[PDB]
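Let's start with one chain on its own, the form deposited in one PDB entry, as structure tokens.
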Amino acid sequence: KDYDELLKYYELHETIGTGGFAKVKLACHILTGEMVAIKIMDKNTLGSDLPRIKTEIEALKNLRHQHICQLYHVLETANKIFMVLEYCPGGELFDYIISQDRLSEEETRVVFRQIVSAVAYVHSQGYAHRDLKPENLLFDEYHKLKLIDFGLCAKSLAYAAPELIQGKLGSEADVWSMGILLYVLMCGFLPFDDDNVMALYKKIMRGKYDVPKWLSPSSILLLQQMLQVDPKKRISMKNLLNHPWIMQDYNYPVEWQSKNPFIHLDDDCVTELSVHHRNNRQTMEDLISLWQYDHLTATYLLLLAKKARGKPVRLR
């Protein structure tokens, strides 16, 4: 019914995740053969949370970055909203940490610099993510990280900053959450945890945590600077980018600027679309340039994706 519109363009496979607000299926984009992830939201059962959908959608239309999960297609039917996103076949950072127990400081740094790159970019575009946690970071085919779930972005509790849980500073709050992430990467458990939500809340407010024996002095220092209860004493995003711990083995600050921004339309993509559809090239350019996030946008972007990984730009 609502799936009729979607099934014009995608073959649906297994459900790969269910959350509070959405389920996500693996799918194949018929015209390109590309696997994608389709986020499915029922407008009726969301009700008051329907603003989360528009928030994520508007954010993702304004974010284009090597460590951010790309949006391809938005389809609205009578009862559903479908968001077609980049499929990350490596799954969740969280499950990767559990499988390894914890990461070495070297590997943590490799991973963490990608998280800082994504989040600093998000902030550079005027947003705070506000729901940073390892469930929301996925591995793509290259084993590079992609940030997801922009439903709470502005322009869980275990990861929420004291000031944010107190109802007041979105920038500083993301830094706190990245500190909790950093802790989990290196330790393999949360710095603040409890079965009772108010007791968890108290632990967060107190800011005291276990410091395991395998952590280097420099890592301990970085955690201390990120996990300051007072956001005014917390390390700013700026100084995180070139922090000495962060610079170890790299010697350059985190590269946060988008490496894949939308400058001019790509000729191979446009050409292939015009040839496959047997349409006037200029019309094809004009219709792509509406950037409607309809099936034409989807096809164009999934062709660019083929190019991004050195494959030829070809439609079935």
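Residue numbers here begin at 1 and follow the sequence given. Think of the rigid core as the biggest set of C-alphas that the two forms share within 1.5 Å after superposition.
Keep in mind that the form deposited in another entry is missing from the display, and what follows is about it.
> Please state whether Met284 has a C-alpha shift of 2 Å or more between the shown form and the other one, with the rigid core used for the fit.
Yes, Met284 moves 2 Å or more.
> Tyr250: CA shift of at least 2 Å between the shown form and the other one after core fit?
The answer is no; the displacement is under 2 Å.
> Could you check, with the core superposed, whether the Cα atom of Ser274 shifts 2 Å or more between the shown form and the other one?
Yes; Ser274 is a residue whose C-alpha shifts (by 2 Å or more) between the shown form and the other one when the cores are overlaid.
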